[PDB]
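One chain comes next, on its own, written out as structure tokens in the form solved without the named molecule.
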């Protein structure tokens, strides 16, 4: 325990929250109406310790889509059900250079955090059963990770993502061409499942619980239940540490030093190993595609509380 008095730590979270709030830069994603809708002023931070202690400030109950924030989670599920060796016969274990190919030196997506990786990972989960069944499987899993808190679905986002993801289809066919999917995979059906997963909704509060589960070696801080295998958690964290922030991953690993994962909805799934889970959210993104207020908050948190991986 680095937070001796949670109650006082909470007071610092609010101060940091207020500080980041003053950062108004960035543009709200608008490649689809469902994301343009959001007000740039929404800003919420939710903490959930390994204990089970909670704390929120800002718009922490407004539902938003996980988007790329779901990548770490579905990867954790795959490693959990199939183990490191199998999962990684299809996807890499490290950051790529940056233009921006699809496959690496072995015709495998560089890692589970980039789109091609997430797509392949999606094709490994619950093979055999139909999409509908696969979807409930993952939903059930996400609920355990969130200790049964809010986990919804945005059909509007799903539909917009599907009838607009031309690049995800390009990736889909390319991977199919390079034989990157398991024998007998319905490629188009996987892209569909992929769009659905990106459309799952959460709130800063429910997500913080999911982060805390990863922060707690796979045990839900608020139910005590074992959701993910130790193996799965460690893998997910390692990859979030190196590829969770898009093109900002390097800077983030160097300056913040914490496993995190951003999403185009403006969310940032943050994890402080053996301490707490967190979810920052604010629609305005920067050139890198990360939440402006979120990035700011993270830097402040590590400076103030010295949570950096190497202190």
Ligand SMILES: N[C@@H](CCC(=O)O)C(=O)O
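We call the rigid core whatever largest set of C-alpha positions still superposes within 1.5 Å between the two forms. Numbering follows the first chain given and starts at 1.
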Higher-deviation segment by CA RMS in 8 other deposited structures of this protein, core fitted, 184-192 or 89-97: 89-97
Higher-deviation stretch (C-alpha RMS, rigid core fit) in 8 other deposited structures of this protein, choosing from 102-110 and 154-162: 102-110
Gap size, residue 99 back to residue 98 (deposited sequence, no coordinates): 1 to 3
197-205 set against 130-138, stretch whose average Cα temperature factor tops the other in the entry: 130-138
Between 5-13 and 295-303 (mean CA B-factor, as deposited), the higher: 5-13
From 39, 53, 249, 67, residue of greatest CA B-factor: 53
Position of residue 150 among the chain's modelled residues by C-alpha B-factor, lowest, middle or highest third: middle
B-factor third for the C-alpha atom of residue 103 within its chain: highest
Residue 83 - which third its CA temperature factor falls in, relative to the rest of the chain: middle
Chain third (lowest, middle, highest) by recorded CA B-factor, residue given as residue 164: highest
Modelled-residue ranking by C-alpha temperature factor, third containing residue 49: highest
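Just so you know, the form solved in complex with the named molecule exists too; it's not on screen, but the next bit is about it.
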Joint contact, 67, 115 and 264 to the named molecule in the bound PDB entry, by non-hydrogen atom at 4.5 Å: yes
Contact flag, residue 198 vs the named molecule in the bound PDB entry, heavy atom cut 4.5 Å: yes
Contact label in the bound PDB entry: residue 143 to the named molecule, heavy atom within 4.5 Å: no
4.5 angstroms heavy atom contact with the named molecule in the bound PDB entry for residue 246: yes
Contact of residue 154 with the named molecule in the bound PDB entry (heavy atom, 4.5 Å): no
Contact stretch among 51-59, 36-44, 270-278, 256-264 - heavy atom within 4.5 Å of the named molecule in the bound PDB entry: 256-264
Residue (of 185, 168, 229, 223) lying close to the named molecule in the bound PDB entry, criterion heavy atoms within 4.5 Å: 168
Contacts with the named molecule in the bound PDB entry - residues in 21-47 whose heavy atoms fall within 4.5 Å: 31
